Each structure stands twice: as structure tokens, then as C-alpha cells.
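The structure under discussion appears below in the form of C-alpha cells.
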There are 2 protein chains.
Amino acid sequence: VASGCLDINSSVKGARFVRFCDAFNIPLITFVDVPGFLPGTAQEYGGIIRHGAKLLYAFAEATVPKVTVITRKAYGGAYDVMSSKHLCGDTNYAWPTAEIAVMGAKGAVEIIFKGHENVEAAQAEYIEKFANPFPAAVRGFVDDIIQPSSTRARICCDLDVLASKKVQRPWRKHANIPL
Amino acid sequence: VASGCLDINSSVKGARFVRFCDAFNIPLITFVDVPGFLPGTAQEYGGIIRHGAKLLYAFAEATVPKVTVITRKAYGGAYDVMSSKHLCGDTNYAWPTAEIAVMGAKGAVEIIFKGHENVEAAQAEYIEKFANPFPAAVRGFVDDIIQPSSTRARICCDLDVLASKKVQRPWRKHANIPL
Ligand SMILES: *C(=O)CCCC[C@@H]1SC[C@@H]2NC(=O)N[C@@H]21
Ligand SMILES: *C(=O)CCCC[C@@H]1SC[C@@H]2NC(=O)N[C@@H]21
């Protein structure tokens with residue numbers, strides 16, 4: 001549905017569910033495949049910026065175990081919104097088809113290589129190096145790249161060892177979610 | 001005295017003083033100029049490894065304001081031992097003569113460029129780029145490079161705003177300093 005893109009309505013449902021599970025110590029499993037946000041004036045006039053921040057906050061605030069699996073696409077700011085490891089996640093696995101980037105190869109090459117000759121060669125070079133899960137994994141964004149058939153067993157193992165995990169957070173009178 | 005090198009005796013005196021000042025909310029000011037550790041069997045047989053860890057711990061544990069000024073040399077592991085910014089420091093200033101490196105240019109070039117022709121050119125290139133305070137500052141190791149005449153005023157300003165600073169640390173029954 002809608003290429004797996006985030007919009008206002010999806011952000012509202014996600015943030016509410018995540019917030020409940022965190023409050024009552026229920027671990028979270030995230031399956032990420034998101035190419036970006038739904039474009040258009042229907043979303044911009046509706047406050048897509050304000051509403052998208054709801055899901056980002058709901059994950060960032062969480063203190064319960066978070067296990068993320070990236071199945072195919074994670075472009076742009078949506079990578080971090082869908083519970084990336086940099087929001088105090090516990091484990092993050094990629095399948096062999098995962099691709100983590102600011103944008104797809106076509107947009108990135110047209111912007112990076114502007115006015116140069118032999119752009120088609122630059123397009124092939126960029127895709128071969130960046131259109132896979134490796135530029136993120138070699139940086140510590142992904143803990144392992146796993147065969148999909150092993151996903152269940154890998155998650156079960158993490159759940160049975162993160163269950164006793166506690167973290168500290170500064171004192172606050174109460175949270176201030178963007179609303 | 002002894003080129004400003006750390007040894008067993010200096011580590012013992014430092015750790016004890018730092019620990020007292022931290023316990024009773026007295027800010028710390030550090031003036032760093034340390035080329036490394038005193039070599040030789042007299043120090044190795046005396047447990048220089050064990051004793052040096054005392055000063056590293058004493059700074060790392062501290063929760064009171066820490067302001068560090070680097071005047072000239074900070075080579076090797078001694079950089080971090082003498083209250084570097086990466087031990088939860090508040091501010092760290094360098095004077096124009098500061099040099100932060102793993103080792104001096106002579107040792108580094110002989111190790112990096114081994115068996116190559118025109119080593120003398122490599123020596124000049126290395127010194128011009130790394131024998132100054134810039135490769136550390138551009139990475140976030142140093143907050144500013146200041147004229148020495150302004151040091152006092154800069155420190156006074158930091159002390160009058162860090163005085164109300166509190167940090168959180170996980171619960172512990174009691175500390176376990178290497179001894
Ligand atoms: C064709 O150029 C339309 C591109 C839309 C691709 C998807 S839709 C939502 C995401 N936002 C974006 O700019 N690209 C993604
Ligand atoms: C001559 O080669 C002796 C070099 C000693 C220079 C100083 S003394 C202590 C520090 N340790 C080290 O390897 N170099 C520094």
C-alpha cells in the first residue's frame with residue numbers, strides 16, 4: 001500500500017501503539033521497508049512534519065527491548081523514524097536485499113555528478129558500491145546481515161537476553177511529545 | 001622535570017588530589033604538557049601500568065566541572081590520562097603551540113613510510129600537516145584555539161556557568177578503582 005511510504009495517518013497509529021507497549025514492558029519488533037514519505041500538498045497542509053515527529057519520538061523515548069529487521073528499502077529520514085539503531089536500539093539485522101541510503105541511486109548520481117561527462121559510468125559505479133546493505137553495515141549501522149530463514153531464531157535469542165535490560169534517563173516531570 | 005613525563009609517583013599524587021576535589025564539588029583546571037611516560041625497567045617492574053590507571057580513573061569518574069588547557073605536548077595515551085574531553089570534560093582549549101598526536105613526527109614517519117624512496121619529502125609533508133593543533137581541533141577534540149593572554153578570562157567564564165551542572169551515572173554499590 002502506497003509503496004510503504006509514511007504519511008500522517010500511519011504516524012498517528014504507530015506512535016500510539018509503540019507508546020503503550022513501552023509503558024507496559026512489552027518488547028518491540030520492527031520490520032522496516034520504507035522508501036520515504038508520501039509527497040504532496042495533501043500531506044504538507046495537514047502537518048506531515050508535526051505528525052511524523054510523533055513516531056520518531058515514540059521510538060526514541062522507548063526503554064524496552066527493540067529489535068529491528070530491515071527487509072528491503074530504508075531511504076532518507078524514514079530510516080531513523082522506523083526505529084534505527086541510533087535511537088538506542090538493541091539489535092538491528094539486515095536481509096541481503098536491504099539498502100540504506102539518503103536516496104536512491106538515480107537521484108543521488110544526478111545530484112552528485114552534475115555537468116560531468118560519462119555520467120552513465122558514474123551511475124554504474126555508484127550502484128555497484130552503494131545499492132546494497134554494505135555502506136551502512138561497515139559503519140556500525142547494522143549488527144549482522146542474516147539469511148531470512150534464520151530471522152525467527154535470531155529474534156527469539158535477543159528477546160530472551162534483553163528482557164532484564166534496564167537503562168537510566170534524566171529526571172523529568174513528564175514527557176513533552178510534539179503532538 | 002623529566003620532560004613532563006608521567007611515572008608511578010606522579011600518578012599516585014594526581015589521583016589522590018583529583019578524587020578529593022571531585023568528592024567536595026571543587027572544580028578542576030588541568031594544564032597539559034606531557035610527552036608520554038617515563039620508560040625503563042624501574043617503572044615497568046614497579047607496576048607503571050597499574051599506577052597510571054589511577055590517574056585515568058580519577059579523572060574519568062569525576063562529575064565536577066573540568067576545564068583543560070593544552071599548552072604544548074600531548075603524545076600517546078597520556079593525552080587521555082590528563083583529562084581529555086573524551087572523559088566527559090566540559091571545555092578544552094589549546095594554545096597555538098599545542099600538538100596532539102599518537103607520537104612525534106619523527107617516529108610516525110619512520111613507521112608509516114618504511115622502505116619508500118624520498119622519505120625526507122614525506123617527513124616535511126607530515127610535519128607541515130600534523131605537527132600543530134589542527135588535526136585534533138577539526139575533529140572535535142578541542143573547543144577553541146585561544147591566545148594565551150585570554151586564558152584566565154575564558155576559564156572564569158566557564159567556571160561561572162558550569163557550577164550548576166549535574167550529570168547522571170548508573171547506580172553502584174561503590175567504586176572499584178584499580179589500586
Ligand atoms: C517520481 O519522481 C516520484 C518519486 C516518489 C518516490 C517516493 S514517493 C515518497 C518518497 N519521497 C520521495 O521524494 N521519493 C519517495
Ligand atoms: C629517545 O629515543 C628516547 C625517547 C624518549 C622520549 C619520551 S621519554 C617518555 C616518552 N616515551 C616515549 O617512547 N617517548 C617519550
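Counting neighbours? That spans all protein chains shown, and the Cβs are built from the backbone with ideal geometry, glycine included. Read-outs throughout are calculated quantities, based only on the coordinates presented, and are distinct from any laboratory measurement.
Can you give the longest run of chain B that contains no trypsin sites (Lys or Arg not before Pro) sitting in a DSSP loop with at most 15 other Cβ atoms inside 10 Å? The partial results should precede the final answer.
On the way: sites that count: B:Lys114, B:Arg139, B:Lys165, B:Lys166, B:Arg172, B:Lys173.
For trypsin sites (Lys or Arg not before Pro) (loop position, at most 15 other Cβ atoms within 10 Å), the longest site-free span of chain B is B:1-113.
At 222 nm, what helix-only mean residue ellipticity would chain B give, in deg cm²/dmol to the nearest 500, using -39500 (n - 2.57) for each DSSP H run of four or more?
-11500 deg cm²/dmol
Pick from B:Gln168, B:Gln147, B:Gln43 the residue whose mean-square fluctuation is largest in a GNM of chain B, springs joining Cα atoms under 10 Å.
Per the Cα network of chain B with a 10 Å cutoff, B:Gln168 tops the list.
Convert each backbone phi in region B:125-140 into a coupling constant with the Karplus relation 6.51 cos²θ - 1.76 cosθ + 1.60 (shift: θ = phi - 60°), then list the ³J(HN,Hα) values in order as whole Hz, x for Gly and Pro.
Couplings: 5, 4, 4, 4, 8, 10, 7, 6, x, 6, x, 7, 4, 6, 9, x Hz.
Considering only Cα-Cα distances, which of the following residue pairs are longer than 19 Å: B:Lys73/B:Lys129; B:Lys66/B:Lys173; A:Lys73/A:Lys165; A:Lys13/A:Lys73; A:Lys85/A:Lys165; A:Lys173/B:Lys66?
B:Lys66/B:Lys173; A:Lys73/A:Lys165; A:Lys13/A:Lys73; A:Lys173/B:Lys66
Let me have the relative contact order for chain B, percent, based on Cα pairs under 8 Å that are six or more residues apart.
On the way: 258 pairs, mean separation 39.2, N = 179.
Value for chain B: 22 percent.
Pull out a ≥ b ≥ c, the square roots of the eigenvalues of the alpha-carbon gyration tensor of chain B, then state rounded if a/c is under 1.5, prolate if not and a/b is larger than b/c, and oblate in the remaining case.
Oblate, since a/c reaches 1.5 and b/c is not below a/b.
Go through region A:30-139 and name the chymotrypsin sites (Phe, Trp or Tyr not before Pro) that are in a DSSP coil and have 12 or fewer other Cβ atoms within 10 Å of their Cβ.
Taking region A:30-139 and a limit of 12 other Cβ atoms within 10 Å, the loop chymotrypsin sites (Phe, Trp or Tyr not before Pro) found are A:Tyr45.
Let me confirm one metric for peptide A:163-169, namely the mean number of other chain beta-carbon atoms within 10 Å of its residues' beta-carbons.
Working: counts 0, 0, 0, 2, 1, 4, 1.
Neighbouring Cβ atoms belonging to other protein chains average 1 per residue here.
Give me the distance in nm between label points sitting 7 Å out from Cα along the Cα-to-Cβ direction at B:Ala60 and B:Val167, one decimal.
In this crude label model, B:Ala60 to B:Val167 measures out at 1.2 nm.
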